[PDB]
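All heavy atoms count here, side chains included; hydrogens, waters and symmetry mates do not. Numbering of ligands and ligand atoms starts at 1, following listing order. For this chain, numbers begin at 1 and follow the sequence in order.
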Amino acid sequence: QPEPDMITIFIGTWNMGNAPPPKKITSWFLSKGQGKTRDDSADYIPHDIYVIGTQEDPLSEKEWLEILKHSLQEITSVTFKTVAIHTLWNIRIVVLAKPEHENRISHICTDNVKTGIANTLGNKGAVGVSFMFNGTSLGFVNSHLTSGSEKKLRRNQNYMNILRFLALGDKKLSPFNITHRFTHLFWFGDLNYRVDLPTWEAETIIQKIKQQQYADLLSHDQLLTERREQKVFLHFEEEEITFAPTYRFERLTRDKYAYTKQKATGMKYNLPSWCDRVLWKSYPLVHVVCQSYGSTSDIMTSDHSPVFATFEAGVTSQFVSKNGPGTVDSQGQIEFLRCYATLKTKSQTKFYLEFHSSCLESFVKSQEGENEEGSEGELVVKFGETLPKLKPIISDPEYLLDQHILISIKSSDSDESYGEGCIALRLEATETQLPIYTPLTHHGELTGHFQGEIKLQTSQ
Ligand SMILES: C[C@H](O)CNCc1c(Cl)cccc1Cl
């Protein structure tokens, strides 16, 4: 039984509008409806992992698990195993996997973050799951962000609180937030970003949706515009949206958008919007391909339609040599040449680096770099040729070229990270000086850059 080098992952997000689901929700798991949909010929082929995010979910965990498992069994004839289930208020995440994966999945973590203070703390936030799948770390975030067309800034704040405080993955990666802890990170939910057009244009928007002419609406989608201006979800991907806005429908049909202000909406308009989204971020040069992104047409119990996305995701095997794990493989080394960090910080402290990777026995601290002034005001931290030689646990190129080095630049004064990034070892050549680059972020905001050269020695 060979270990996989690819798996397929289903991501579902559905704001259920505090209503039980209908008797059949199989179209969701089959990626059928509007948008980028799955080929009929694949219907019986199970995904390896199904990750279901709900919001405004009125069901018990037990009730929803029974519906999900019975749904997948009907589609696939496979009895899926429950990896994890976590609920915060009415925000839920379920992870189901094929039974053959039970002994490939380990280090299962769950957490939640509650967003807002006093007034604004009570029902919005995120749940998350992480685990190892063989040698690959996978994280999944289901967030219900602040509602309302005029709260895009609040949503961006909710995003930053969730990525700062959601405690998933390897706690030894202390400088790193969830946006660096995983080979593949999927973030989905009712993100609640709106199509930002005048209220008077509601009927015009509806007309455009009936014509399947989304271009003039997506150009006002607050998530696309905020992402384009690097206000939120920096370094995340989203597939092109080719399905109608998933909010706000009249229940029991999909023929009508209910957008007019009502006491029940706090006298707010709900112009048709793409509230319900799936984004991802994978480490550099790892295979990840979106194979569906759409909405169902036949599930109408909520004022939202379910959204599906599916992915091919590269995975690696749990590598064992004669040497590592449990020693170094002297045949292997990672060297850094001519490296420097460019930082946006206005501070003057000394900086050092930390290198973190599961290819190392433990993280490595550099000596301090030498600060200089950039020509446009910047702080440049020069490491020259002073960075340590990293000793990986396994030298085999089939393992080592699949690995990544996380970098944090830390203040010597405070040991606080000013920036985090990631470097792929999937090089064009070994034993060859090659340029490397990563942007550096902190709390998911751009704080600088790290660039230089790498020289990777494998046992080949
Ligand atoms: C590799 C990714 O495609 C980068 N995405 C950046 C981006 C955003 Cl986030 C929004 C609008 C346009 C663009 Cl290029």
* Rounded to the nearest 0.5 Å, how far apart are CD of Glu428 and CG of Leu401? ->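 Those atoms lie 10.5 Å apart.
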Do protein heavy atoms approach [atom] to less than 4.0 Å?
{"atom": "atom 3 (O) of ligand 1", "result": "yes"}
{"atom": "atom 12 (C) of ligand 1", "result": "yes"}
{"atom": "atom 7 (C) of ligand 1", "result": "no"}

* To do: Would you mind telling me which of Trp187, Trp28, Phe188 makes a side-chain contact (heavy atoms from CB on, under 4.5 Å) with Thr13?
  =>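 For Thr13, the side-chain contact (heavy atoms from CB on, under 4.5 Å) check succeeds only for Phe188.
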* Counting only heavy atoms, which portion of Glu237 has something under 4.0 Å from ligand 1: side chain, backbone, both, or neither? ->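 Under 4.0 Å from ligand 1, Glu237 contributes side-chain atoms alone.
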* **Cation-pi geometry met for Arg254 and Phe249 (6.0 Å, 45°)** =>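 Relative to the ring axis of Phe249, which defines the angle, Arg254 lies inside both limits.
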* Do any N or O atoms from the side chain of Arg277 and from the backbone of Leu191 form a donor-acceptor pair under 3.5 angstrom? ->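 No.
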* Asked: Among protein heavy atoms, which lies nearest atom 14 (Cl) of ligand 1, and at what distance?
  ->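 Checking every protein heavy atom, the shortest distance to atom 14 (Cl) of ligand 1 gives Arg228 NH1, 4.9 Å.
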* Parallel under 30°, tilted from 30 to 60°, perpendicular over 60°: which one fits the rings of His404 and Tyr283? ->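 It falls in the tilted class, 30° to 60°.
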